[PDB]
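Trainee: Structure file my_file21.pdb, PDB, C-alpha atoms and all ligand atoms, is pasted below:
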MODEL        1
ATOM      1  CA  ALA A   2     -20.460   1.799  -3.715
ATOM      2  CA  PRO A   3     -17.886   4.623  -4.240
ATOM      3  CA  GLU A   4     -16.656   5.737  -7.654
ATOM      4  CA  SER A   5     -13.185   5.256  -6.194
ATOM      5  CA  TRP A   6     -11.666   3.640  -3.096
ATOM      6  CA  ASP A   7      -8.184   3.111  -1.725
ATOM      7  CA  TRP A   8      -7.286   1.058   1.333
ATOM      8  CA  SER A   9      -3.676   2.253   1.204
ATOM      9  CA  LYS A  10      -5.068   5.606   2.379
ATOM     10  CA  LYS A  11      -7.068   4.126   5.274
ATOM     11  CA  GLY A  12      -4.076   2.991   7.310
ATOM     12  CA  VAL A  13      -4.594  -0.736   6.767
ATOM     13  CA  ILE A  14      -1.662  -1.192   4.394
ATOM     14  CA  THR A  15       1.986  -1.719   5.354
ATOM     15  CA  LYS A  16       4.817   0.000   3.487
ATOM     16  CA  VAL A  17       5.889  -1.397   0.128
ATOM     17  CA  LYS A  18       8.438  -4.159   0.600
ATOM     18  CA  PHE A  19      11.263  -5.575  -1.508
ATOM     19  CA  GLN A  20      11.286  -9.285  -2.352
ATOM     20  CA  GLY A  21      14.845  -9.286  -3.683
ATOM     21  CA  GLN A  22      16.070 -12.118  -5.904
ATOM     22  CA  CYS A  23      13.394 -14.599  -4.838
ATOM     23  CA  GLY A  24      10.161 -15.511  -6.649
ATOM     24  CA  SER A  25       7.990 -14.780  -3.642
ATOM     25  CA  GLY A  26       5.348 -12.368  -4.953
ATOM     26  CA  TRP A  27       2.844 -14.975  -3.877
ATOM     27  CA  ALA A  28       3.983 -14.648  -0.249
ATOM     28  CA  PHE A  29       4.084 -10.866  -0.271
ATOM     29  CA  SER A  30       0.553 -10.681  -1.684
ATOM     30  CA  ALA A  31      -0.564 -13.104   1.020
ATOM     31  CA  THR A  32       1.122 -11.274   3.909
ATOM     32  CA  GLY A  33      -0.128  -8.036   2.399
ATOM     33  CA  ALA A  34      -3.709  -9.301   2.369
ATOM     34  CA  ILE A  35      -3.478 -10.668   5.881
ATOM     35  CA  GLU A  36      -2.044  -7.418   7.237
ATOM     36  CA  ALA A  37      -4.992  -5.474   5.788
ATOM     37  CA  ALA A  38      -7.771  -7.866   6.806
ATOM     38  CA  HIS A  39      -6.341  -7.872  10.329
ATOM     39  CA  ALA A  40      -6.074  -4.088  10.593
ATOM     40  CA  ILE A  41      -9.604  -3.742   9.281
ATOM     41  CA  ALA A  42     -11.004  -6.362  11.664
ATOM     42  CA  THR A  43      -9.035  -5.510  14.802
ATOM     43  CA  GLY A  44      -7.684  -1.997  14.274
ATOM     44  CA  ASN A  45      -3.985  -2.934  14.561
ATOM     45  CA  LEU A  46      -1.682  -2.804  11.557
ATOM     46  CA  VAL A  47       1.428  -4.954  11.912
ATOM     47  CA  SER A  48       3.843  -6.244   9.280
ATOM     48  CA  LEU A  49       3.725 -10.008   8.810
ATOM     49  CA  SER A  50       6.269 -12.696   7.887
ATOM     50  CA  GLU A  51       6.705 -13.611   4.212
ATOM     51  CA  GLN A  52       9.655 -15.815   5.172
ATOM     52  CA  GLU A  53       7.544 -18.161   7.322
ATOM     53  CA  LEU A  54       5.372 -18.782   4.268
ATOM     54  CA  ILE A  55       8.361 -19.336   2.001
ATOM     55  CA  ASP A  56       9.783 -21.840   4.488
ATOM     56  CA  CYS A  57       6.588 -23.470   5.760
ATOM     57  CA  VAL A  58       4.009 -23.664   2.969
ATOM     58  CA  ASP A  59       5.012 -27.108   1.680
ATOM     59  CA  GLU A  60       2.473 -27.030  -1.167
ATOM     60  CA  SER A  61       4.210 -24.003  -2.678
ATOM     61  CA  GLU A  62       7.832 -23.994  -3.862
ATOM     62  CA  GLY A  63       9.438 -21.204  -1.845
ATOM     63  CA  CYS A  64      11.574 -18.804  -3.874
ATOM     64  CA  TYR A  65      10.757 -20.576  -7.138
ATOM     65  CA  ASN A  66       7.031 -19.784  -6.916
ATOM     66  CA  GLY A  67       3.953 -20.448  -4.817
ATOM     67  CA  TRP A  68       0.305 -19.677  -4.200
ATOM     68  CA  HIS A  69      -1.717 -17.107  -2.312
ATOM     69  CA  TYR A  70      -4.584 -19.446  -1.374
ATOM     70  CA  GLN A  71      -2.154 -22.107  -0.186
ATOM     71  CA  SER A  72      -0.638 -19.457   2.076
ATOM     72  CA  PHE A  73      -4.027 -18.621   3.549
ATOM     73  CA  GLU A  74      -4.835 -22.296   4.099
ATOM     74  CA  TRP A  75      -1.499 -22.827   5.865
ATOM     75  CA  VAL A  76      -2.205 -19.873   8.184
ATOM     76  CA  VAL A  77      -5.642 -21.224   9.105
ATOM     77  CA  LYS A  78      -4.119 -24.644   9.727
ATOM     78  CA  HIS A  79      -1.165 -23.454  11.817
ATOM     79  CA  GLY A  80      -2.903 -21.053  14.164
ATOM     80  CA  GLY A  81      -1.791 -17.916  12.373
ATOM     81  CA  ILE A  82       1.288 -16.176  11.017
ATOM     82  CA  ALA A  83       4.390 -14.737  12.710
ATOM     83  CA  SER A  84       5.246 -11.050  12.402
ATOM     84  CA  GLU A  85       7.906  -9.642  10.098
ATOM     85  CA  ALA A  86       9.880  -8.755  13.217
ATOM     86  CA  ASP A  87       9.842 -12.219  14.777
ATOM     87  CA  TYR A  88      10.544 -14.103  11.529
ATOM     88  CA  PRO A  89      12.671 -11.837   9.213
ATOM     89  CA  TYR A  90      12.912 -12.012   5.435
ATOM     90  CA  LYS A  91      16.039 -13.518   3.814
ATOM     91  CA  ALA A  92      14.844 -13.906   0.240
ATOM     92  CA  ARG A  93      15.914 -17.557   0.173
ATOM     93  CA  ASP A  94      14.386 -20.938   1.038
ATOM     94  CA  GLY A  95      14.947 -21.944   4.669
ATOM     95  CA  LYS A  96      13.869 -24.406   7.372
ATOM     96  CA  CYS A  97      10.347 -23.921   8.693
ATOM     97  CA  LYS A  98      10.603 -22.398  12.192
ATOM     98  CA  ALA A  99       6.848 -21.989  12.681
ATOM     99  CA  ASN A 100       6.998 -24.161  15.808
ATOM    100  CA  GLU A 101       9.395 -21.629  17.322
ATOM    101  CA  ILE A 102       7.057 -18.646  16.861
ATOM    102  CA  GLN A 103       5.214 -17.549  20.014
ATOM    103  CA  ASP A 104       2.973 -14.776  18.653
ATOM    104  CA  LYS A 105       0.759 -14.815  15.560
ATOM    105  CA  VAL A 106      -1.985 -12.948  13.723
ATOM    106  CA  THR A 107      -4.871 -15.305  13.032
ATOM    107  CA  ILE A 108      -7.498 -15.411  10.291
ATOM    108  CA  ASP A 109     -10.940 -17.034  10.384
ATOM    109  CA  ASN A 110     -10.975 -18.514   6.889
ATOM    110  CA  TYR A 111     -10.163 -17.625   3.295
ATOM    111  CA  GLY A 112     -11.861 -17.372  -0.051
ATOM    112  CA  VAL A 113     -10.926 -18.147  -3.623
ATOM    113  CA  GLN A 114     -12.543 -17.132  -6.876
ATOM    114  CA  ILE A 115     -11.436 -18.923  -9.997
ATOM    115  CA  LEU A 116     -13.125 -17.257 -12.947
ATOM    116  CA  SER A 117     -14.895 -19.602 -15.393
ATOM    117  CA  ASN A 118     -15.818 -19.002 -19.042
ATOM    118  CA  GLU A 119     -19.484 -19.060 -17.977
ATOM    119  CA  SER A 120     -19.004 -15.656 -16.376
ATOM    120  CA  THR A 121     -18.823 -12.400 -18.329
ATOM    121  CA  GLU A 122     -16.177  -9.700 -17.931
ATOM    122  CA  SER A 123     -18.758  -7.411 -16.343
ATOM    123  CA  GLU A 124     -19.504  -9.991 -13.659
ATOM    124  CA  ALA A 125     -15.805 -10.641 -13.016
ATOM    125  CA  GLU A 126     -15.276  -6.895 -12.584
ATOM    126  CA  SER A 127     -18.375  -6.583 -10.436
ATOM    127  CA  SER A 128     -17.499  -9.300  -7.928
ATOM    128  CA  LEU A 129     -13.827  -8.286  -7.739
ATOM    129  CA  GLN A 130     -14.781  -4.700  -6.981
ATOM    130  CA  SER A 131     -17.132  -6.066  -4.347
ATOM    131  CA  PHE A 132     -14.395  -8.098  -2.653
ATOM    132  CA  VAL A 133     -11.947  -5.170  -2.673
ATOM    133  CA  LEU A 134     -14.434  -2.860  -0.945
ATOM    134  CA  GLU A 135     -14.557  -5.327   1.925
ATOM    135  CA  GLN A 136     -10.789  -5.952   1.982
ATOM    136  CA  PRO A 137      -7.670  -6.014  -0.274
ATOM    137  CA  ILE A 138      -7.443  -9.187  -2.334
ATOM    138  CA  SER A 139      -4.540 -11.074  -3.860
ATOM    139  CA  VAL A 140      -4.529 -11.950  -7.551
ATOM    140  CA  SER A 141      -2.304 -13.986  -9.818
ATOM    141  CA  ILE A 142      -0.876 -12.071 -12.762
ATOM    142  CA  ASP A 143       1.579 -12.241 -15.645
ATOM    143  CA  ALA A 144       4.309  -9.750 -14.702
ATOM    144  CA  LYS A 145       6.188  -9.878 -18.015
ATOM    145  CA  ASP A 146       6.091  -6.077 -18.414
ATOM    146  CA  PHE A 147       6.771  -5.149 -14.778
ATOM    147  CA  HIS A 148      10.512  -4.605 -15.218
ATOM    148  CA  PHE A 149       9.533  -1.947 -17.808
ATOM    149  CA  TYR A 150       6.757  -0.176 -15.853
ATOM    150  CA  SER A 151       7.365   3.230 -14.263
ATOM    151  CA  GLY A 152       3.993   4.959 -14.015
ATOM    152  CA  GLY A 153       0.625   5.745 -15.533
ATOM    153  CA  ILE A 154      -2.120   3.191 -16.121
ATOM    154  CA  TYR A 155      -0.836  -0.162 -17.388
ATOM    155  CA  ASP A 156      -3.073  -1.609 -20.139
ATOM    156  CA  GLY A 157      -1.572  -5.073 -20.550
ATOM    157  CA  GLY A 158       1.226  -4.085 -22.910
ATOM    158  CA  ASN A 159       2.964  -7.263 -24.111
ATOM    159  CA  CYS A 160       0.698  -9.722 -22.249
ATOM    160  CA  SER A 161      -1.160 -12.240 -24.361
ATOM    161  CA  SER A 162      -3.172 -15.447 -24.009
ATOM    162  CA  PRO A 163      -2.280 -17.818 -22.579
ATOM    163  CA  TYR A 164      -1.351 -15.628 -19.620
ATOM    164  CA  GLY A 165       1.346 -17.003 -17.369
ATOM    165  CA  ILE A 166       0.954 -17.004 -13.608
ATOM    166  CA  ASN A 167       4.408 -15.836 -12.552
ATOM    167  CA  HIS A 168       3.583 -13.244  -9.916
ATOM    168  CA  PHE A 169       0.964 -11.950  -7.493
ATOM    169  CA  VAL A 170      -0.056  -8.444  -6.504
ATOM    170  CA  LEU A 171      -2.389  -6.919  -3.938
ATOM    171  CA  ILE A 172      -5.484  -5.087  -5.170
ATOM    172  CA  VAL A 173      -6.187  -2.389  -2.538
ATOM    173  CA  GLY A 174      -8.599  -0.164  -4.428
ATOM    174  CA  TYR A 175      -9.663   1.472  -7.681
ATOM    175  CA  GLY A 176     -10.138   4.860  -9.310
ATOM    176  CA  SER A 177     -10.315   6.860 -12.551
ATOM    177  CA  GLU A 178      -8.434   9.295 -14.741
ATOM    178  CA  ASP A 179      -9.962  10.805 -17.884
ATOM    179  CA  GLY A 180     -12.540   8.050 -18.148
ATOM    180  CA  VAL A 181      -9.962   5.289 -17.726
ATOM    181  CA  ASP A 182     -10.721   2.883 -14.883
ATOM    182  CA  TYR A 183      -7.924   1.205 -12.975
ATOM    183  CA  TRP A 184      -7.201  -1.005  -9.987
ATOM    184  CA  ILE A 185      -4.681   0.241  -7.442
ATOM    185  CA  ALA A 186      -2.271  -2.666  -6.988
ATOM    186  CA  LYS A 187       0.450  -2.904  -4.358
ATOM    187  CA  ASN A 188       3.585  -4.557  -5.662
ATOM    188  CA  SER A 189       6.585  -5.852  -3.721
ATOM    189  CA  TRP A 190       9.621  -4.629  -5.668
ATOM    190  CA  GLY A 191      10.506  -1.694  -3.429
ATOM    191  CA  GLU A 192       8.997   1.761  -3.090
ATOM    192  CA  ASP A 193      11.104   3.163  -5.968
ATOM    193  CA  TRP A 194       9.438   0.885  -8.509
ATOM    194  CA  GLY A 195       6.333   2.097 -10.334
ATOM    195  CA  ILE A 196       4.177   4.644  -8.550
ATOM    196  CA  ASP A 197       5.829   4.551  -5.132
ATOM    197  CA  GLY A 198       5.812   0.754  -5.325
ATOM    198  CA  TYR A 199       2.294   0.529  -6.757
ATOM    199  CA  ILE A 200       1.003  -0.068 -10.255
ATOM    200  CA  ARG A 201      -2.287   1.092 -11.719
ATOM    201  CA  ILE A 202      -3.813  -1.697 -13.799
ATOM    202  CA  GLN A 203      -6.486  -0.692 -16.301
ATOM    203  CA  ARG A 204      -9.829  -2.420 -15.845
ATOM    204  CA  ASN A 205     -12.858  -3.128 -18.041
ATOM    205  CA  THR A 206     -10.518  -3.560 -21.024
ATOM    206  CA  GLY A 207     -12.830  -6.170 -22.488
ATOM    207  CA  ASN A 208     -10.982  -9.429 -21.885
ATOM    208  CA  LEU A 209     -12.806 -11.701 -19.453
ATOM    209  CA  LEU A 210      -9.466 -12.603 -17.857
ATOM    210  CA  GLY A 211      -8.514  -8.931 -17.483
ATOM    211  CA  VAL A 212      -5.126  -7.264 -17.939
ATOM    212  CA  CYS A 213      -2.470  -9.974 -17.999
ATOM    213  CA  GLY A 214      -5.002 -12.404 -16.524
ATOM    214  CA  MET A 215      -5.481 -10.655 -13.201
ATOM    215  CA  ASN A 216      -9.222 -11.544 -13.175
ATOM    216  CA  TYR A 217      -8.473 -15.272 -13.177
ATOM    217  CA  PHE A 218      -7.568 -16.306  -9.627
ATOM    218  CA  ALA A 219      -8.448 -14.138  -6.633
ATOM    219  CA  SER A 220      -7.956 -15.182  -3.017
ATOM    220  CA  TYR A 221      -8.232 -13.346   0.289
ATOM    221  CA  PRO A 222      -8.124 -14.023   4.047
ATOM    222  CA  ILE A 223     -11.386 -13.793   5.988
ATOM    223  CA  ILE A 224     -11.566 -12.247   9.442
ATOM    224  CA  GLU A 225     -14.730 -11.423  11.395
ATOM    225  CA  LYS A 226     -14.591  -7.907  12.872
ATOM    226  CA  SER A 227     -13.649  -7.659  16.540
ATOM    227  CA  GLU A 228     -16.445  -6.815  18.981
TER
ATOM    228  CA  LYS B   1       9.124 -19.483 -12.964
ATOM    229  CA  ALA B   2       8.013 -16.665 -10.638
ATOM    230  CA  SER B   3       9.220 -13.150 -11.520
ATOM    231  CA  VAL B   4      11.861 -11.522  -9.346
ATOM    232  CA  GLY B   5      12.823  -7.883  -8.858
TER
HETATM  233  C1  LIG A 301       6.744  -4.444 -24.593
HETATM  234  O1  LIG A 301       8.042  -4.896 -25.017
HETATM  235  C2  LIG A 301       8.854  -3.839 -25.582
HETATM  236  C3  LIG A 301      10.126  -4.472 -26.126
HETATM  237  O2  LIG A 301      10.468  -5.654 -25.419
HETATM  238  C4  LIG A 301       9.098  -2.759 -24.523
HETATM  239  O3  LIG A 301       9.972  -1.727 -25.031
HETATM  240  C5  LIG A 301      11.281  -1.754 -24.553
HETATM  241  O4  LIG A 301      11.320  -1.092 -23.275
HETATM  242  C6  LIG A 301      12.640  -1.131 -22.674
HETATM  243  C7  LIG A 301      12.534  -0.534 -21.278
HETATM  244  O5  LIG A 301      11.435   0.359 -21.165
HETATM  245  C8  LIG A 301      13.650  -0.395 -23.568
HETATM  246  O6  LIG A 301      14.956  -0.478 -23.003
HETATM  247  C9  LIG A 301      13.646  -1.023 -24.969
HETATM  248  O7  LIG A 301      14.494  -0.279 -25.830
HETATM  249  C10 LIG A 301      12.219  -1.046 -25.537
HETATM  250  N1  LIG A 301      12.199  -1.722 -26.820
HETATM  251  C11 LIG A 301      11.865  -1.045 -27.915
HETATM  252  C12 LIG A 301      12.291  -1.630 -29.250
HETATM  253  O8  LIG A 301      11.240   0.017 -27.883
HETATM  254  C13 LIG A 301       7.740  -2.178 -24.136
HETATM  255  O9  LIG A 301       7.904  -1.136 -23.157
HETATM  256  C14 LIG A 301       7.149   0.020 -23.386
HETATM  257  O10 LIG A 301       7.512   0.670 -24.602
HETATM  258  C15 LIG A 301       8.873   1.157 -24.638
HETATM  259  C16 LIG A 301       9.083   1.786 -26.001
HETATM  260  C17 LIG A 301       9.109   2.147 -23.493
HETATM  261  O11 LIG A 301       8.300   3.296 -23.689
HETATM  262  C18 LIG A 301       8.747   1.501 -22.156
HETATM  263  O12 LIG A 301       8.872   2.451 -21.109
HETATM  264  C19 LIG A 301       7.311   0.990 -22.209
HETATM  265  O13 LIG A 301       6.986   0.346 -20.987
HETATM  266  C20 LIG A 301       6.866  -3.301 -23.571
HETATM  267  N2  LIG A 301       5.546  -2.793 -23.242
HETATM  268  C21 LIG A 301       5.240  -2.390 -22.007
HETATM  269  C22 LIG A 301       6.191  -2.721 -20.866
HETATM  270  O14 LIG A 301       4.204  -1.766 -21.757
ENDMDL
END
Using the file provided, produce a representation of the structure as structure tokens.
Ligand SMILES: *[C@@H]1O[C@H](CO)[C@@H](O[C@@H]2O[C@H](CO)[C@@H](O)[C@H](O)[C@H]2NC(C)=O)[C@H](O[C@@H]2O[C@@H](C)[C@@H](O)[C@@H](O)[C@@H]2O)[C@H]1NC(C)=O
Mentor:
Amino acid sequence: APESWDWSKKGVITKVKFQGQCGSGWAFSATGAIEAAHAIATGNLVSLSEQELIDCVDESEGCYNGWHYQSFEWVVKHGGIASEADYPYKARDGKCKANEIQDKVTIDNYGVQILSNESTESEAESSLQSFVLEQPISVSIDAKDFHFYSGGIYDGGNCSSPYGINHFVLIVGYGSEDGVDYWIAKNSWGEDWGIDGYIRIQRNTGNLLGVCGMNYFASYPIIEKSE
Amino acid sequence: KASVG
């Protein structure tokens, strides 16, 4: 296993997107994860529809908030997901038009890892790193400091237990800088935000739940490589 | 509830 790794350099990651005034980080992390898993498995990178999730994932609550795993389940259940092109983003709740979509990227299954207090931080870090090496994963996180972030490695700043789950990001890799380990996370607030739309989240900080609770709930789409 | 840009 590499000291560092970054999928955003391997051509399996779409450009950073902008969610606008809609609480859809959950959907962008889900589309982001699906885009990667699909490019890794099949070799084609295509942008996918966050709007279809916002409109069709009835378990979530559209622009108010939602879930990554529920997005993945919906995609398995509905034969796949429409592309960004065929089902454009509007940043507002709309009627589900999934039945009107002719083309879709499909996934084989999906995983979820809900950390328990029986696990240690080391083990949470170990398994997460393992999942990321295989493919980018989506994690829930408390984004209370995000409006303030502009660069460098974020250490949790004002986050504190109990961590709120008000946003999702896409972990695409990890690296180091002067002995400080970090995850490379793709955000969805435009390319001008943070480090070209990404935020480096410090890891191994000691808290089992990680920075702002990002170790808590991981979920990712599963796709068997194409022959 | 969910954060927005
Ligand atoms: C934790 O909360 C602090 C106060 O709510 C943040 O500082 C505030 O940052 C604003 C935008 O960066 C700035 O307009 C405010 O004046 C400032 N408040 C004060 C009293 O300093 C803090 O942000 C970090 O620290 C400040 C000083 C700046 O250096 C920011 O760039 C930093 O991000 C929050 N901690 C974070 C986001 O890590």
Trainee: List the residues selected by the PyMOL selection byres (((chain A and resi 5) around 6) and not hetatm) in the file shown, writing them as a PDB file with C-alpha atoms, in the frame of the given file.
Mentor:
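Output (part-v7.pdb):
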ATOM      1  CA  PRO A   3     -17.886   4.623  -4.240  1.00  0.00           C
ATOM      2  CA  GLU A   4     -16.656   5.737  -7.654  1.00  0.00           C
ATOM      3  CA  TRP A   6     -11.666   3.640  -3.096  1.00  0.00           C
ATOM      4  CA  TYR A 175      -9.663   1.472  -7.681  1.00  0.00           C
ATOM      5  CA  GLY A 176     -10.138   4.860  -9.310  1.00  0.00           C
TER       6      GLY A 176
END
Trainee: Could you tell me which of A:134, A:76, A:31, A:64 comes closest to chain B if we count only C-alpha atoms?
Mentor: A:64
Trainee: Could I get the residue neighbourhood of ligand LIG 301 (chain A) at 12 Å, counting all atoms listed in the file, as a ChimeraX atom specification?
Mentor: /A:143-161,195,202,212-213
Trainee: Interatomic distance between CA of residue 33 in chain A and CA of residue 127 in chain A?
Mentor: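 According to the coordinates, CA of residue 33 in chain A and CA of residue 127 in chain A are separated by 22.4 Å.
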Trainee: Please enumerate the residues selected by the PyMOL selection byres (((chain B and resi 4) around 9) and not hetatm) when evaluated against the supplied file, formatted as a PyMOL selection string.
Mentor: (chain A and resi 20-26+168+190) or (chain B and resi 2-3+5)
Trainee: Which distance in Å separates CA of residue 183 in chain A and CA of residue 73 in chain A, to one decimal?
Mentor: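 Distance between the two atoms: 26.1 Å.
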Trainee: Taking all atoms listed in the file into account, which of A:137, A:109, A:125, A:59 comes nearest residue 94 in chain A?
Mentor: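 Nearest candidate to residue 94 in chain A out of A:137, A:109, A:125, A:59: A:59.
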Trainee: Can you measure CA of residue 32 in chain A to CA of residue 49 in chain A for me? One decimal in Å is fine.
Mentor: 5.7 Å
Trainee: Apply the PyMOL selection byres (((chain A and resi 28) around 12) and not hetatm) to the structure shown and report the selected residues as a ChimeraX atom specification.
Mentor: /A:18-20,23-27,29-35,49-58,61-73,75-76,82,90,92,139-141,168-171,188-189 /B:2
Trainee: Could you tell me which of A:167, A:48, A:81, A:93 comes closest to residue 1 in chain B if we count all atoms listed in the file?
Mentor: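 Of the candidates, the smallest distance to residue 1 in chain B is held by A:167.
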Trainee: When distances are computed from only C-alpha atoms, which of A:130, A:224, A:14, A:198 shows the smallest separation from chain B?
Mentor: A:198
Trainee: Need to verify the contact set: residue 221 in chain A, 7 Å, all atoms listed in the file, exclusion of same-chain residues closer than 2 positions in sequence. Can you return it as a list in words?
Mentor: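 Non-adjacent residues within range: residues 34, 111, 112, 113, 138, 139, 219 and 223 of chain A.
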Trainee: Taking all atoms of range 62-75 of chain A that the file lists, what box with edges along x, y and z, padded by 5 Å per side, do you get, with centre and edge lengths in Å to one decimal, as AutoDock Vina command-line options?
Mentor:
--center_x 3.4 --center_y -20.6 --center_z -0.6 --size_x 26.4 --size_y 16.9 --size_z 23.0
